[PDB]
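Counting starts at 1 for both ligands and their atoms, following the listed order. In what follows, residues are counted from 1 in the order of the sequence shown. Note: hydrogens, waters and symmetry copies are ignored here, and every other heavy atom, side chains too, is used.
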Amino acid sequence: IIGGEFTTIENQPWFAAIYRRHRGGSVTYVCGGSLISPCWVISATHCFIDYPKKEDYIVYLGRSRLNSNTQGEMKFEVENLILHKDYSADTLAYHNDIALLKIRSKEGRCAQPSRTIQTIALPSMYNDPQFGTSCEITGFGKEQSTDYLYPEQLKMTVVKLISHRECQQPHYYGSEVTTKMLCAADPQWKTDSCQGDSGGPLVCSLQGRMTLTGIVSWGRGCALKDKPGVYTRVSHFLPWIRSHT
Ligand SMILES: COc1ncc(-c2nc(C(=O)NC(=N)N)c(N)nc2N2CCCCCC2)c(OC)n1
């Protein structure tokens, strides 16, 4: 996350931290996700597509820091890794950038809700807020495009939903952005999602409740002028989400 503020997991208790075991022993951060039910984390396919073996991944819930344990955190194996059959990668855009991780502990239990571990609501079908709506993004992603390290502490910022029509202007993304994508940006382009934030939540207050509107997918740099964040439009994927859960 470029700009925004540091936060703790209590402010985004659905936030999942997804890591991969390396042949050797070492564990590296992959991507964020969102607890949508006790046993199910939703994320981005492009996070896993290079290493699509479920046994390689670890999910934490209730985790506020990258490389230290948070009091109350739960650690999970991936019992199922579901990648979107119709996934594709362009030079810039991911299509159908959506994935489901069925989580279970060594002792065979799903997530136990707590102050630091809550589920987020999916939206009603084809129902997103208007352009100009303020939504929150959360991630352990880079603080600057050029940074080598990810931040130790979880971050979150505010971005405004951009109209499909504004996001398809050639000097933005042209036709790279489809009806299954959402754009969000800061009016000053000063705050944004970035590398490491992929798969993490775009959350909007919708029908007066916190709703998983987007999944961090792609963008051309981070906090660049005329280069908004591009998000999987979760309201266009409910059948796929219902069916695979
Ligand atoms: C031109 O440089 C460039 N371009 C793209 C990325 C990148 N961006 C995002 C992202 O969400 N961007 C955004 N919201 N504006 C994102 N979610 N992920 C990004 N990478 C991770 C996976 C995609 C390609 C490599 C960079 C990047 O990160 C340092 N740097």
A.B. asks: Heavy atoms only, cut-off 4.0 Å: how does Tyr94 contact ligand 1, side chain, backbone, both, or neither?
C.D. replies: side chain
A.B. asks: Considering only protein heavy atoms, determine whether one is less than 4.0 Å from atom 25 (C) of ligand 1.
C.D. replies: no
A.B. asks: Does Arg21 have more than 12 heavy atoms from other residues, nucleotides or ligands lying within 6.0 Å of its CZ?
C.D. replies: yes
A.B. asks: Is a side-chain donor-acceptor pair under 3.5 Å present for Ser193 with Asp197?
C.D. replies: no
A.B. asks: Is the shortest distance from a heavy atom of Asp197 to ligand 1 less than 4.0 Å?
C.D. replies: no
A.B. asks: Looking at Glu55 and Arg20, does any basic side-chain N land under 4.0 Å from a carboxylate oxygen?
C.D. replies: no
A.B. asks: Checking ring pair (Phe, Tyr, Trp, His ring centres under 6.0 Å) against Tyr57, which of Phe48, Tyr19, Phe76 comes through?
C.D. replies: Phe48
A.B. asks: So if I count the atoms of ligand 1 from 1 in the order they appear, which ones are less than 4.0 Å from some heavy atom of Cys222?
C.D. replies: 8 (N), 15 (N), 27 (C), 28 (O)
A.B. asks: Is it true that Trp189 lies under 4.0 Å from ligand 1, counting heavy atoms only?
C.D. replies: no
A.B. asks: Could you tell me whether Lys155 and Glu143 make a salt bridge, using a distance below 4.0 angstrom between a side-chain N and a carboxylate O?
C.D. replies: yes
A.B. asks: Which option, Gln195, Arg220, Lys227, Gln144, owns the non-hydrogen atom nearest atom 20 (N) of ligand 1?
C.D. replies: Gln195
A.B. asks: What I want to check is whether the side chains of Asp97 and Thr45 have a donor and an acceptor closer together than 3.5 Å.
C.D. replies: no
A.B. asks: Can an N or O of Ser145 be found at a distance shorter than 3.5 Å from an N or O of ligand 1?
C.D. replies: no
A.B. asks: From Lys142 NZ over to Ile2 CD1, what is the distance, rounded to the nearest 0.5 angstrom?
C.D. replies: 9.0 Å
A.B. asks: Using a 4.0 Å heavy-atom cut-off, say whether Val216 meets ligand 1 through its side chain, its backbone, both or neither.
C.D. replies: side chain
A.B. asks: Find all atoms of ligand 1 within a distance of less than 4.0 Å from any non-hydrogen atom belonging to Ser198, and give their numbers and elements.
C.D. replies: 16 (C), 17 (N), 18 (N)
A.B. asks: Number the atoms of ligand 1 from 1 as they appear, then name those within less than 4.0 Å of a heavy atom of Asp192, with their elements.
C.D. replies: 13 (C), 14 (N), 15 (N)
A.B. asks: Taking the minimum heavy-atom distance to atom 14 (N) of ligand 1, which of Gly219, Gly199, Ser193, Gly221 ranks first?
C.D. replies: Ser193
